[PDB]
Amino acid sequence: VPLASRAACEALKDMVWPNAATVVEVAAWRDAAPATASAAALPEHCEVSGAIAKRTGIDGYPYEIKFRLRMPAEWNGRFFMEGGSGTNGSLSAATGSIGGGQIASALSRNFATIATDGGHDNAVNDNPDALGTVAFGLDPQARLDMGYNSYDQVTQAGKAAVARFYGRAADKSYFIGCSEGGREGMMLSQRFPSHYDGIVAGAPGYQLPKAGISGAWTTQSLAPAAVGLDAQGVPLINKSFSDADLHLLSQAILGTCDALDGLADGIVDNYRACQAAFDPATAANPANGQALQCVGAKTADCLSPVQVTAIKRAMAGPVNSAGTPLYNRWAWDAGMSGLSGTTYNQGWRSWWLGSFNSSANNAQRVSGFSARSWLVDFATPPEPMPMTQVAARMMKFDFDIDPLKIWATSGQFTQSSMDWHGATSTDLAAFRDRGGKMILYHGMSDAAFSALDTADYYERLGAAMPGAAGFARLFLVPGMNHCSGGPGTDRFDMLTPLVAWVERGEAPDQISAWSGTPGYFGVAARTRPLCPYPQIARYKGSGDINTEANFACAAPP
């Protein structure tokens, strides 16, 4: 009987679930866990885990929506869900990750926390004939679960357990996710406006079905600059640029752009002015004052004209024969490379190129999971094929025929992948008018999703909803790669300003951040403010350039 107790916990295994097909597998009491070097202390709590809507898909495979929920004995009254990543399919510890490379989890701050696998299981839904762990795309309902339904079901189940376990409903609910988790957050704001009061959506894949389009585009754009072929005769896209070549490119970007914010410090805060000024075909190598593009043959100090032509085309984004942009363009930024000690940053090049030191293609968008996901999860009908065919399929991508498939329905696939996965709506009025607050962030050197495309969504949001900065703000991060890493201030506590905005009405005029790898700048630490779009961080003119107190958020100089 007694609330928030070990007995209340075990009783959850007369509990009425919102979905009748909810099956509790574990309801176990957990002692407090001390802090570790990489994780804050976890309070005493009830762990509930189980699944919703066990079934068999039309592919003969089993499917269910897994969840894991943790409810602390000492509870602050708030509910918290963390978002997913990749193509989901895994169930985390569900202590409420807040991203930003943070030590603390939401459970360590006495939230009740929940996580899902998105409706499929990478250990079970791994089909060798359907490109491995993306195979859930062969089941229409599993697609719908991945797009929106799993997070809806798990939110309802979690809130129901909270109300039963504590004798009262959550005062406020919070959702934080990055990447695929960021798409989920935007989706919740659009499709389920009252599920969460506060949403953090980092590097959000809100047009994820278009990623494979960009992937085929960057693959074909980079092929003229590749050197060699892989085991099935596909150009080695990873050989198009060495790490030294990419570092040369970012040094050229810094040469053109670093000081456009007023401070030569290795960070391009004035990203708009950089885009307008930088052209690798006209820019100079600052180390030697010569043109970045070779006049003669290839040296370590220049880039071949084919290299320059290739990267420019990849960064421009895909079009069809009519010239219509199919996704968006990408921003030149220093975080495309980076050097800390003797280690080159791999956090940008792994997406479109892959590791240089390999005899095979391994880029996410050439032969990796992104290309695989587009083929089976997002094309309708799905296009399963052997793993060794994926790279060739990207080289033969037809930008007039293939991009239509993310909008198509076929057979039992009664929704398009943009229908169930896309989160492009700017109608956040219901969300805003019940008190919802949303923090978006995106690293400028993200090669998975374009930071400029997030910016264009924010522009459209501001136009559809005048005064949108009162409930939704965007924080771009110079130098940061996808969700983390790179030469920028990629670490931040987003949960604290989110709670302040939701509950005290305090909008974040800036968000403190620090660099996880300050070696990129040759310093022991760098702290900087993140600034709400379209402001940027501006140095005050005096003081240590690595200290956040010497910076302020303002317009570009």
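Note that the rigid core is defined as the largest set of C-alphas that superpose within 1.5 Å between two forms. Each residue number is its position in the shown sequence, starting from 1.
A.B. asks: On a core superposition, give the stretch, 30-38 or 519-527, with the larger average C-alpha separation from this form in 7 other deposited structures of this protein (RMS over structures and residues).
C.D. replies: Of 30-38 and 519-527, the stretch deviating more in 7 other deposited structures of this protein is 30-38.
A.B. asks: Neighbours in the displayed sequence, residue 540 and residue 541 may still hide a gap; how many deposited residues lack coordinates there, none, 1 to 3, 4 to 9, or 10 or more?
C.D. replies: The entry leaves nothing out here.
A.B. asks: Comparing 199-207 with 399-407, which stretch shows the greater average C-alpha B-factor in the deposited entry?
C.D. replies: Looking at the record's C-alpha B-factors, the answer is 399-407.
A.B. asks: When the C-alpha temperature factors are averaged for each of 146-154 and 307-315, which stretch ends up with the higher value in the entry?
C.D. replies: So the stretch with the higher mean C-alpha B-factor is 307-315.
A.B. asks: Between 320, 97, 450, 424, let me know which has the highest C-alpha B-factor in the entry?
C.D. replies: 320 has the highest C-alpha B-factor of those listed.
A.B. asks: Between 117, 279, 269, 74, which one tops the list for Cα B-factor in this entry?
C.D. replies: That would be 279, according to the entry.
A.B. asks: Classify residue 221 as lowest, middle or highest third according to the C-alpha B-factor given in the PDB entry, relative to its own chain.
C.D. replies: Its C-alpha B-factor, which the entry lists for residue 221, ranks in the highest third among residues of this chain.
A.B. asks: Using only modelled residues of the chain, where does the Cα B factor of residue 30 rank: lowest third, middle third or highest third?
C.D. replies: Ranked within chain, residue 30 CA B lands in the highest tercile.
A.B. asks: Consider only the C-alpha atoms of the modelled residues in this chain, order them by B-factor as the entry records it, and name the third containing residue 239: lowest, middle or highest.
C.D. replies: It falls in the top third of the chain.
A.B. asks: Within this chain's modelled residues, let me know which third the CA B factor of residue 131 belongs to: lowest, middle or highest.
C.D. replies: CA B-factor rank for residue 131: highest third.
A.B. asks: Of the three thirds of its chain by CA temperature factor, lowest, middle or highest, which one includes residue 230?
C.D. replies: Tercile = highest for this residue's CA B-factor.
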